[PDB]
């Protein structure tokens, strides 16, 4: 049933919510046109990896990020964040750990070309596994798979090309996702939405784009009526 609504929405349904509704995707389009493409992608990757335990709303954090780096020539991402995070409104917590995470991913990013980034976009499972190893993280880390997701947005924008997320990458299990999964099952959300994903044909990183909006009574209006009614039906089933 849930499976049917999500299959009916499909990848293309998720693609539309991402490109018309998702406020993080919009934040990224904003930054892109005011940044070097290579640095833009690398910054989104670094930003994602420290987007946990925020001192603000997720959507405000990503706009703050967008506006801060718009116009800013960046030499060292690590240094940029050393200045950025302590001054920030929405991410002013666990700064020592986050800067060290940035220091750590930056070594990796600094070796990559725009072409490398593009190859990783054609091979998102490989970016996934690479980050797991440079960061020393669990495969199902919510921060790791959110980074792959945002990398997807960034690369979608920069390379003008839609590539769906791999079926294999689990949903980012943050509190909101934990919440909605409560009223449906007792299994781990990472495990549950993989199942829902396998049957509906919609990769769990795309499913995530469907759940998180229906949760803040957000915009629906640049969408198509049929998609909206599908989205309205899903909000019923979730509760």
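Numbering follows the first chain given and starts at 1.
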Averaging the C-alpha B factors as listed in the entry, name the stretch that ends up higher: 161 to 169 or 145 to 153. 161 to 169
Looking at the entry, does 212 to 220 or 227 to 235 show the higher mean C-alpha B-factor? 212 to 220
Would you mind finding, among 34, 67, 42, 183, the residue with the largest C-alpha temperature factor in the entry? 183
C-alpha B-factor winner, where the candidates are 205, 50, 194, 28: 194
Report the third (lowest, middle or highest) to which the CA temperature factor of residue 112 belongs, ranking only the modelled residues of the same chain. middle
Going by the recorded CA B-factors, say which third of the chain residue 97 sits in, lowest, middle or highest. lowest
Residue 74's Cα B-factor: lowest, middle or highest third of the chain? highest
By the entry's values, the third containing the CA B factor of residue 56 is the middle
